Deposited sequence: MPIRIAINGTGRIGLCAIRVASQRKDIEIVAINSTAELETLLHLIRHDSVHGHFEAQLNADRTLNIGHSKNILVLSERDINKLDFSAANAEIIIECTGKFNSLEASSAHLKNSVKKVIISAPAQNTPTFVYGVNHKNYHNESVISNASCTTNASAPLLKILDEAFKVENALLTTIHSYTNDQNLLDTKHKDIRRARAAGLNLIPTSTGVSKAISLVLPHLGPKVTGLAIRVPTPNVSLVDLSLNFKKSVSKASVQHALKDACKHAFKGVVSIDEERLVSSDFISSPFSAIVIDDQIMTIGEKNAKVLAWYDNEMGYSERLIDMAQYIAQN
């Protein structure tokens, strides 16, 4: 029987999760909770400025029909304590509202038929997993976090490169595309659309949750830029083992054939950011721009769609934790 999931929240990540989940034969979306009116929700599923058009229909009984999910109940309840996914017999909640990003808050979902919650964001006090990095450490936790799009891109690369060459230290800069991004930090009060905006983002702590040995050896920051969706991570690494451009390229390519198949990819075609809109990978390595200096240092860049790679991992994690 397909895994019965419900999506809570229909911002960008929730909408992408709907699209992704609808294409998986081992998933049934049984319910969506949205603040939008039904026809607005249908509109936003069908039409997207970056991801294009998508087929979705309304059934006669005003459930939705999308891909393999032919009978999706639509709810509109803001209060998590009143919200009741029981009529749809949901087993896993994908928590995409941004309002309950903690263990205590999202635990309010655990009632009736619901067994598990995956939070689509970093979350306070919450066991955190990145698919391909530490997801096999999962041990039946009922509320988990899928981390951030940034960590989903950088943690796979760090793991691959540490296994090959042994990371001594690394500095990460994320060029974070935020046109579609819907703090004690004064720069967050300034116009996203007109500016490059450097931001601290808790890189060391994030990495520590999924790669505990590396957390203390890495740090970095983000530069928010006014383009949509496709972001880049730039890792500057110092290794124990000597490296060349070729050896770094070969280590990354080998990983994509094996342990990170379907999660990390290599671009050998010299493409640009817009070519990776809607890419399902967590990271796409820019093969020709790998460089080394001295014996022990390298720079590695990788693209990612900050919605679609993440959302593909979200649903991968739902299938995994359902077993």
- Could you please spell out the deposited residue ranges that have no C-alpha entry in the coordinates? 183-188, 330
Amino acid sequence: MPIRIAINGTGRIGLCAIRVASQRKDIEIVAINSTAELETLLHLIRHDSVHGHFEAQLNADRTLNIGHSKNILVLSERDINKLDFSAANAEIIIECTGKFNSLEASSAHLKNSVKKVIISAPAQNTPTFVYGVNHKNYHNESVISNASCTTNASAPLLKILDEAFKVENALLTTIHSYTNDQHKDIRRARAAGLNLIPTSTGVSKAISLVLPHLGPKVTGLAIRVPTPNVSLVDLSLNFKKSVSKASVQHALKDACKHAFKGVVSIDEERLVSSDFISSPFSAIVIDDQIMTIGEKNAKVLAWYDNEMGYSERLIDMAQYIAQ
From here on, numbers count along this sequence of modelled residues.
- Task: Give yes or no for this: do at least a third of the other compared entries, each modelling residues before and after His183, lack coordinates for it?
- Result: yes
- Between 287-295 and 253-261, name whichever shows the higher mean Cα B factor according to the PDB entry. 253-261
- When mean C-alpha B-factors in the record are compared for 57-65 and 39-47, the larger belongs to 57-65
- Pick out which of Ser236, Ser204, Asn134, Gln182 has the highest C-alpha B-factor in the PDB entry. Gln182
- Most elevated Cα B-factor in the entry, residues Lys217, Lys99, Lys166, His176: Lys99
- Query: Looking at the C-alpha B-factor of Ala222, is it in the lowest, middle or highest third of its chain?
  - Reply: lowest
- If you rank the chain by CA B-factor, which third does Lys159 end up in: lowest, middle or highest? lowest
- Task: Sorting the chain's modelled residues by C-alpha B-factor, tell me whether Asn81 ends up in the lowest, middle or highest third.
- Result: highest
- Query: When the modelled residues of the chain are sorted by Cα temperature factor, does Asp26 land in the lowest, middle or highest third?
  - Reply: highest
- Query: Lowest, middle or highest third of the chain for the C-alpha temperature factor of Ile119?
  - Reply: lowest
